[PDB]
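Residue numbers (the deposited numbering): 124 to 181.
Heads up, the beta-carbon is just placed ideally off N, CA and C, and yes, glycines get one too.
Encoded as structure tokens, the structure appears first; notes follow it.
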Amino acid sequence: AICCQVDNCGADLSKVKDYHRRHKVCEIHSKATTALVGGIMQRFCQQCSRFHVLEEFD
Ligand SMILES: [Zn+2]
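Dropping the structure here:
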């Protein structure tokens, strides 16, 4: 049972099966627009499957 890496998110990654638990992240931030990880806002990608600052994102 892993928890979401994003701050202010105590989502339990136990219900999931994979992917979301592999990169440590719930389903919300997984397909969300803005996320808080460490301190700087970012957006989780689907194709690349990894967190990244939303400085260049659309
Ligand atoms: Zn989350």
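Is residue i near ligand 1, in the sense that its beta carbon is under 7 angstroms from a heavy atom of that ligand?
{"i": "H175", "result": "no"}
{"i": "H152", "result": "yes"}
{"i": "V129", "result": "yes"}
{"i": "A134", "result": "yes"}
{"i": "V148", "result": "yes"}
Around the Cβ of residue i, are there at least 16 other Cβ atoms within 10 angstroms (buried) or fewer (exposed)?
{"i": "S153", "result": "buried"}
{"i": "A155", "result": "exposed"}
{"i": "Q165", "result": "buried"}
Please list, in chain order, all residues of the same chain as residue i whose beta carbon is under 8 angstroms from its beta carbon, the five residues on each side excluded.
{"i": "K147", "result": "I125, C126, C127, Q128 and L136"}
Starting from the C-beta of residue i, find all residues in its chain whose C-beta is less than 7 angstroms away, skip the five residues before and the five after it, and write them out in chain order.
{"i": "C168", "result": "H175"}
Ignore the nearest five residues each way along the sequence and tell me which others in residue i's own chain have a CB closer than 6 angstroms to its CB.
{"i": "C149", "result": "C127 and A134"}
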